[PDB]
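First up is the structure itself, then whatever we jot down about it.
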Amino acid sequence: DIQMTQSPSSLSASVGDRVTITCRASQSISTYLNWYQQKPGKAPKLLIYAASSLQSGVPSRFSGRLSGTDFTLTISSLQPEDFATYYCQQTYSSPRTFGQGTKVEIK
Amino acid sequence: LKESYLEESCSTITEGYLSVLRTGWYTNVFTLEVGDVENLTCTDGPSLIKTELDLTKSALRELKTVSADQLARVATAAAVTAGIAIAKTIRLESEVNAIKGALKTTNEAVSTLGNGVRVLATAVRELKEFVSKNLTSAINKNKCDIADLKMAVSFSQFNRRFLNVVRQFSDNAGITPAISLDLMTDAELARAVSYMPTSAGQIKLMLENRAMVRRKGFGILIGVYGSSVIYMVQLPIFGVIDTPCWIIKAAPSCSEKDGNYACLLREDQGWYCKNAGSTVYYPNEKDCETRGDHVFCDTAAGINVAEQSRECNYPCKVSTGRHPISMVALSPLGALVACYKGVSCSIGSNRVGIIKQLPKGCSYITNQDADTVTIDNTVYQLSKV
Amino acid sequence: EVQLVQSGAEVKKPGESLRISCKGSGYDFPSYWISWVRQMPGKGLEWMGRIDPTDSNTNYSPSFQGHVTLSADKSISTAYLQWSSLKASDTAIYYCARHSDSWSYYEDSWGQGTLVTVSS
Ligand SMILES: *[C@@H]1O[C@H](CO)[C@@H](O[C@@H]2O[C@H](CO)[C@@H](O[C@@H]3O[C@H](CO[C@H]4O[C@H](CO)[C@@H](O)[C@H](O)[C@@H]4O)[C@@H](O)[C@H](O[C@H]4O[C@H](CO)[C@@H](O)[C@H](O)[C@@H]4O)[C@@H]3O)[C@H](O)[C@H]2NC(C)=O)[C@H](O)[C@H]1NC(C)=O
Ligand SMILES: *[C@@H]1O[C@H](CO)[C@@H](O)[C@H](O)[C@H]1NC(C)=O
């Protein structure tokens, strides 16, 4: 199994402040990786696939970066409409796994 | 699919498959045009349009640097070598200008290079049209604080394809492992597949297995020319279909003799494919995959043989090693195991925990009787078709 | 626009079997691959099963194997999930989710979500 560790577990930041979330993979998965956003009590909506692209219908402040077996999501500018929990999932082959999840709060 | 558990040796044979082979490649070049944006500049303080404009202007420079680094003096190396050769052929200025002139009035031109290839070229101009028509008129005396949030959203929605292409090409040293939806859209891929020289049956087969078609291809960056991006992307060609073919999955046949092990492992494992002219043999497991009742192998890694499949070189490729080995031969409709080696082997079920603990001796199974097989706390999955 | 809806089976007693369905509509069934996923409250999502496009791999998570029988049905464009033995720990929300084309295997066009509880 391809375990994933996510850090930090929870964080708080002001509006207009850069926020970073790092996902680490147990073994190399090249560039097959997806991110997700889940508001409380709703279905998750896709944000970034292939660790660098940008799926349609998404504001252009969600940019991701790859570095070997380390991935990172960086929100350019936090907004009041961005309170949710972000996951990261690999899709190397059968099967797929998720992460523990990071909670983002605003001030 | 009819899996025949061979009754006189620990190596089964199968039949009933219809094969499809990768017989070639179909080149396809694009001329994604950004549009003239270097002139436009906003100095009014941070805003919404400013961020997107700076992002596009930085992406152009990043692609230029990536292309400058690119020029160096899932698939076998034949694909990448052919792609590199075609890219080198395309790179030269005379035919670059020829392609640019061909794609000036229409959006479909089946041109030809100096050599003989099909380099059907399609151009996309949504971003260039937007920038030339609406953005320049909307911007007035360098005023980026315009209340048209609709226009800002339109810019964000329009530059997405170019930004994604730049990022994907920069992240993998100029060659992408597979064809993303951004590299070619659905309609463009359908047209390109339908326009290449293959029969209607193969055309329908590809219109069905678009997923496999898009997973087997790849793309290469050509370079930046002024204010445009030019890249090339290839599509695998399935030329010969509907041929009977078979796979041999062999395991050692070891008989315990109170200390001495007498195994029997043939070395002819793989997929044998009798097309028009001869019979081909693919040794590596990665060449062929099972797509329901069919099998997809690539002809670029095939070997030629003439007469075989009697189970009996000519006395058949077979060894008589005395050192046994334990693993699971996951055939599409069964599993064959020769785990003696003082080990534990058993049978699992999709609803019951432990049923029919497996004894040793190159056992026998009729698919549905089990869904997982365990060998000393090891998990093996049976493909349930 | 692909729309996914759920089916109703709220309470299921321990030692019994639960079954729900996700009726896909709008798109066609045999073009791209389909999968399930689940989430117990107060934790993160975990993957359960999937049906690769035409491979019919019907793979499952290694831990929850020998317990599930994910199956598709081309007749009226419906997929069902059936459970073998329900315990007092499988209470969760069950999502049905599609997959997509291309190479990165990104799950989009999820479902509404249905709560399933275990109790006496
Ligand atoms: C919007 O953006 C577009 C491009 O997207 C600009 O169009 C270009 O504008 C530049 C301005 O510098 C033009 O460059 C000029 O080209 C000439 C020299 O290069 C020519 O060489 C031969 C001529 O023998 C031609 O065959 C060849 O095509 C080139 O055009 C000269 O006219 C200019 O240099 C002279 O003036 C400059 C003053 O800036 C001096 O510094 C030089 O020493 C020299 O005296 C100049 O380099 C370019 O040709 C244009 N391209 C096209 C395709 O038209 C628009 O101008 C820009 N709009 C605005 C408002 O900025
Ligand atoms: C661009 O301008 C054209 C011509 O007036 C107009 O029809 C169109 O709606 C505009 N597009 C956007 C996205 O504003």
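Which value at 222 nm does the protein assembly as shown reach when only helices count, each DSSP H run of 4 or more adding -39,500 (n - 2.57), with the total divided by all residues and rounded to the nearest 500 deg cm²/dmol?
Computed ellipticity for the protein assembly as shown at 222 nm equals -5000 deg cm²/dmol.
Taking the simple approach of a point 7 Å from Cα along Cα-to-Cβ for both B:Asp36 and B:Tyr5, what is their distance in nm?
7.6
To one decimal place, what orientation-averaged projected area in nm² is obtained for the convex hull of the Cα set of chain B?
Over every viewing direction, the Cα hull of chain B projects on average to 27.0 nm².
Each residue of segment B:261-270 in order: what ³J(HN,Hα) in whole Hz does its phi give by Karplus 6.51 cos²θ - 1.76 cosθ + 1.60, θ = phi - 60°, with x for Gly and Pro?
Along segment B:261-270, the couplings run 9, 10, 8, 8, 10, 6, 10, 9, 5, x Hz.
Taking a cut-off of 16 Å between Cα atoms, list the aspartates and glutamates near C:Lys13, but don't count ones fewer than 8 places away on the same chain.
Hits, sequence-local ones excluded: C:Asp90.
Treating cross-link reach as a plain straight distance, find the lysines whose alpha-carbon is under 17 Å from the alpha-carbon of B:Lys50, omitting any fewer than eight places away in the same chain.
Candidates past the 8-residue exclusion: B:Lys141, B:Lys143, B:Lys150.
Where the centroid of each part is defined by its Cα atoms, how far is segment B:110-183 from segment B:228-253 in Å?
So the two Cα centres are separated by 33 Å.
Considering only DSSP beta bridges with both partners in chain A, what is the antiparallel share in %, to the nearest 5?
90
Give the peptides A:31-44, B:153-166, B:5-18, B:255-268 in descending order of average Cβ contacts within 10 Å, highest first.
Put in order of decreasing packing, that is B:153-166, A:31-44, B:5-18, B:255-268.
Provide a whole-number value for the mean count of partner chain Cβ atoms within 10 Å of the Cβ atoms in peptide A:45-52.
Mean inter-chain Cβ contacts per residue within 10 Å come to 6.
Would you please state which residues of segment B:347-361 a label at B:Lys384 would reach in this model, taking the label point 7 Å out along Cα→Cβ and a backbone N cut-off of under 12 Å?
In segment B:347-361, the label zone of B:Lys384 (backbone N under 12 Å from the point 7 Å along Cα→Cβ) covers B:349-352.
Sorted from largest down, give the three principal axis spans of the alpha carbons of the protein assembly as shown, whole angstrom values.
93, 72, 45
Work out the mean other chain Cβ neighbour count within 10 Å for the residues of B:167-176 and drop it here as an integer.
For peptide B:167-176, the averaged partner shielding equals 3.
Taking 30 Å as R0, compute the FRET efficiency from the Cβ-Cβ separation of B:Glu129 and B:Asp69 and round it to 0.05.
0.45
When you look at the Cβ of every residue in B:15-23, what mean number of other chain Cβ atoms sits within 10 Å?
Mean partner-chain Cβ count within 10 Å for B:15-23: 0.
When you count, for each residue, the other Cβ atoms within 10 Å and take the mean per peptide, how do C:107-115, B:23-31 rank with the highest first?
Output ranking for C:107-115, B:23-31: B:23-31, C:107-115.
Restricting everything to alpha-carbon atoms, can you work out Rg to Rh for segment B:27-237 with a Kirkwood hydrodynamic radius?
Ratio of gyration radius to Kirkwood radius for segment B:27-237: 1.00.
Given C-alpha coordinates of segment C:3-103, what is the ratio Rg to Rh with the Kirkwood estimate of Rh?
Result: Rg/Rh = 0.95.
Under 17 Å Cα-Cα from A:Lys45, which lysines qualify once same-chain neighbours fewer than 8 residues away are excluded?
A:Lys103
Which whole-Hz ³J(HN,Hα) couplings does segment A:96-101 yield from phi under the Karplus relation 6.51 cos²θ - 1.76 cosθ + 1.60, θ = phi - 60°, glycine and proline marked x?
Residue by residue, segment A:96-101 yields 10, 9, 10, x, 6, x Hz.
How big is segment A:4-106 by Rg and Dmax over its Cα atoms, in Å?
Final numbers for Rg and Dmax: 13.0, 40 Å.
None of the figures in this text is laboratory data; all of them are computed from the coordinates on show. Note that each Cβ is placed from the backbone with ideal geometry, even for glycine, and that neighbours are counted across all protein chains shown.
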